[PDB]
Amino acid sequence: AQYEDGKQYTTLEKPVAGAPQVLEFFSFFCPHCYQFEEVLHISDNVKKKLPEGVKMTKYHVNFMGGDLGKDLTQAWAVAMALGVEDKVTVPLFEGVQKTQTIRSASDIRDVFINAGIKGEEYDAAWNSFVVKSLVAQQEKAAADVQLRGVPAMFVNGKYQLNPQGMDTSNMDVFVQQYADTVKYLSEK
């Protein structure tokens, strides 16, 4: 076929029920994740080829960057709770990987302040049990698919994108292959 199991995607031999339709995992410490966000705009190009109404989920992971890795998972929970993902994603990526000015939870917090989230509102979210359950959800979703590397995308809890099996000579061609594959899996 044109799309083959083990080629553009792999199948989970242990499918995950009740899973989000399009589930993406990343880490702010993850170098391909930086590219996926800043250079390729994967998430956005996938959305543009999915129907309207199809919900897309993106979660942070703990297994990179030790203590600061976990802080970032909690900060992403804050971002999701406040709906400010599109305001902090880029400065968090650049703070960790480009300027390397993010070295503590206080430095993460600074990114949110600079993006215009008020201190009171950030600290309250950070310490809230809504955010605690949002952290729980991120951990549970990664554990369900026994996640050991990022970036990762899962469709309907049963297919996993395999970007290693796409051409990378052209960046634009790579992104559309990736997006078209998601659409195909979506329709499967």
# chains A, B, ... in the order shown; residues from 1 in each chain; ligands from 1
>>> select_by_dssp(residues="stretch 27-162 of chain A", states="strand (DSSP E or B)", output="PyMOL selection string")
chain A and resi 56-60+152-155+159-161
>>> select_by_dssp(residues="stretch 39-101 of chain A", states="alpha helix (DSSP H)", output="PyMOL selection string")
chain A and resi 42-47+66-82+85-93
>>> write_last_selection(atoms="N, CA, C and O atoms", output="short mmCIF file (atom, residue, chain, number, x, y, z; two decimals), in the first residue's frame")
data_model
loop_
_atom_site.label_atom_id
_atom_site.label_comp_id
_atom_site.auth_asym_id
_atom_site.auth_seq_id
_atom_site.Cartn_x
_atom_site.Cartn_y
_atom_site.Cartn_z
N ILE A 42 4.55 21.84 13.01
CA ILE A 42 3.84 20.56 12.85
C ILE A 42 2.42 20.61 13.37
O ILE A 42 1.48 20.31 12.63
N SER A 43 2.26 21.01 14.63
CA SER A 43 0.93 21.02 15.24
C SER A 43 -0.03 21.83 14.41
O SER A 43 -1.13 21.40 14.12
N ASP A 44 0.42 22.99 13.97
CA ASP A 44 -0.46 23.86 13.21
C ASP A 44 -0.82 23.27 11.84
O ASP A 44 -1.95 23.39 11.38
N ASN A 45 0.14 22.63 11.19
CA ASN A 45 -0.12 22.10 9.86
C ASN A 45 -1.00 20.86 9.91
O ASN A 45 -1.80 20.63 9.00
N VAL A 46 -0.87 20.10 10.98
CA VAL A 46 -1.78 18.98 11.24
C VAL A 46 -3.23 19.49 11.40
O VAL A 46 -4.15 18.95 10.78
N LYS A 47 -3.43 20.54 12.21
CA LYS A 47 -4.77 21.10 12.43
C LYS A 47 -5.44 21.49 11.13
O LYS A 47 -6.63 21.26 10.93
N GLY A 66 15.57 16.12 34.12
CA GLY A 66 15.46 15.93 35.56
C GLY A 66 14.48 16.83 36.32
O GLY A 66 13.28 16.88 36.03
N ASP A 67 15.00 17.51 37.33
CA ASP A 67 14.14 18.33 38.17
C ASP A 67 13.45 19.45 37.40
O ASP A 67 12.23 19.66 37.54
N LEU A 68 14.18 20.10 36.51
CA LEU A 68 13.58 21.17 35.71
C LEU A 68 12.59 20.60 34.70
O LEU A 68 11.63 21.27 34.34
N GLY A 69 12.79 19.36 34.29
CA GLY A 69 11.84 18.70 33.41
C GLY A 69 10.46 18.60 34.02
O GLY A 69 9.46 18.85 33.35
N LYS A 70 10.40 18.19 35.29
CA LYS A 70 9.14 18.11 36.05
C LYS A 70 8.50 19.46 36.28
O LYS A 70 7.28 19.58 36.28
N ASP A 71 9.33 20.46 36.57
CA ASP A 71 8.84 21.82 36.73
C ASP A 71 8.15 22.27 35.47
O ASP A 71 7.12 22.95 35.53
N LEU A 72 8.74 21.92 34.32
CA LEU A 72 8.18 22.31 33.03
C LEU A 72 6.84 21.61 32.77
O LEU A 72 5.93 22.20 32.19
N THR A 73 6.71 20.37 33.20
CA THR A 73 5.44 19.66 33.08
C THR A 73 4.39 20.37 33.93
O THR A 73 3.25 20.56 33.48
N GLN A 74 4.75 20.79 35.14
CA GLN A 74 3.79 21.56 35.94
C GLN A 74 3.47 22.94 35.32
O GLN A 74 2.32 23.37 35.33
N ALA A 75 4.48 23.61 34.77
CA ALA A 75 4.27 24.88 34.07
C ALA A 75 3.40 24.73 32.84
O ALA A 75 2.61 25.63 32.52
N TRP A 76 3.55 23.62 32.11
CA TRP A 76 2.68 23.39 30.97
C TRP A 76 1.23 23.19 31.44
O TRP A 76 0.29 23.68 30.80
N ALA A 77 1.05 22.48 32.55
CA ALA A 77 -0.26 22.38 33.19
C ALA A 77 -0.83 23.76 33.51
O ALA A 77 -2.01 24.01 33.25
N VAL A 78 -0.01 24.64 34.09
CA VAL A 78 -0.44 26.02 34.31
C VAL A 78 -0.85 26.68 33.00
O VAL A 78 -1.91 27.31 32.91
N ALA A 79 -0.02 26.53 31.97
CA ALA A 79 -0.33 27.09 30.66
C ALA A 79 -1.67 26.59 30.12
O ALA A 79 -2.46 27.39 29.60
N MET A 80 -1.93 25.29 30.23
CA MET A 80 -3.19 24.71 29.74
C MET A 80 -4.37 25.23 30.55
O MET A 80 -5.41 25.58 29.99
N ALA A 81 -4.21 25.30 31.86
CA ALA A 81 -5.29 25.75 32.73
C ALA A 81 -5.68 27.19 32.42
O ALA A 81 -6.86 27.53 32.41
N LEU A 82 -4.69 28.02 32.11
CA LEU A 82 -4.93 29.45 31.89
C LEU A 82 -5.20 29.75 30.45
O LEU A 82 -5.59 30.86 30.10
N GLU A 85 -0.99 28.72 26.33
CA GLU A 85 -0.02 27.92 25.58
C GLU A 85 0.65 28.66 24.45
O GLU A 85 1.87 28.57 24.28
N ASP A 86 -0.13 29.39 23.66
CA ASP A 86 0.44 30.05 22.51
C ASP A 86 1.22 31.28 22.91
O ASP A 86 1.92 31.85 22.08
N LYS A 87 1.23 31.64 24.19
CA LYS A 87 2.03 32.78 24.58
C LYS A 87 3.35 32.38 25.21
O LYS A 87 4.30 33.17 25.19
N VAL A 88 3.43 31.17 25.75
CA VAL A 88 4.64 30.78 26.46
C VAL A 88 5.49 29.74 25.73
O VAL A 88 6.66 29.57 26.07
N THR A 89 4.93 29.09 24.72
CA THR A 89 5.65 27.98 24.09
C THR A 89 6.97 28.42 23.51
O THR A 89 8.00 27.80 23.73
N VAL A 90 6.96 29.48 22.73
CA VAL A 90 8.20 29.92 22.12
C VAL A 90 9.24 30.40 23.17
O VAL A 90 10.38 29.92 23.15
N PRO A 91 8.88 31.31 24.09
CA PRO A 91 9.92 31.73 25.05
C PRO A 91 10.41 30.62 25.99
O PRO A 91 11.51 30.72 26.51
N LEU A 92 9.59 29.60 26.23
CA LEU A 92 10.06 28.46 27.01
C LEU A 92 11.07 27.66 26.19
O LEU A 92 12.14 27.31 26.69
N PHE A 93 10.74 27.35 24.95
CA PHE A 93 11.72 26.68 24.09
C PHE A 93 13.02 27.46 23.99
O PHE A 93 14.10 26.88 24.16
#
>>> closest_residue(among="A:161, A:106, A:18, A:40", to="residue A:119", atoms="only C-alpha atoms")
A:106
>>> residues_around(residues="stretch 136-140 of chain A", least_positions_apart="4", cutoff="8 Å", atoms="only C-alpha atoms", output="list in words")
residues 59, 60, 61, 62, 73, 132 and 144 of chain A
>>> atom_distance(atom1="atom CA of residue A:52", atom2="atom CA of residue A:19")
18.6 Å
>>> atom_distance(atom1="atom CA of residue A:177", atom2="atom CA of residue A:94")
26.7 Å
>>> closest_residue(among="A:34, A:129, A:25, A:184", to="residue A:145", atoms="only C-alpha atoms")
A:25
>>> closest_residue(among="A:160, A:169, A:104, A:176", to="residue A:8", atoms="only C-alpha atoms")
A:160
>>> atom_distance(atom1="atom CA of residue A:33", atom2="atom CA of residue A:64")
12.0 Å
>>> closest_residue(among="A:153, A:166, A:54, A:105", to="residue A:141", atoms="only C-alpha atoms")
A:153
>>> residues_around(residues="residue A:150", least_positions_apart="3", cutoff="7 Å", atoms="only C-alpha atoms", output="compact mmCIF listing (two decimals) with N, CA and C atoms, in the first residue's frame")
# COMPACT_ATOMS: atom_id res chain seq x y z
N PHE A 25 3.11 14.46 22.20
CA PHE A 25 3.98 14.63 23.37
C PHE A 25 5.27 15.38 23.02
N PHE A 26 5.70 16.25 23.92
CA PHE A 26 6.94 16.98 23.70
C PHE A 26 7.67 17.26 25.02
N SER A 27 8.89 17.78 24.91
CA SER A 27 9.62 18.30 26.06
C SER A 27 10.31 19.56 25.62
N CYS A 30 13.76 18.88 24.40
CA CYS A 30 13.83 18.01 23.22
C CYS A 30 14.17 18.79 21.94
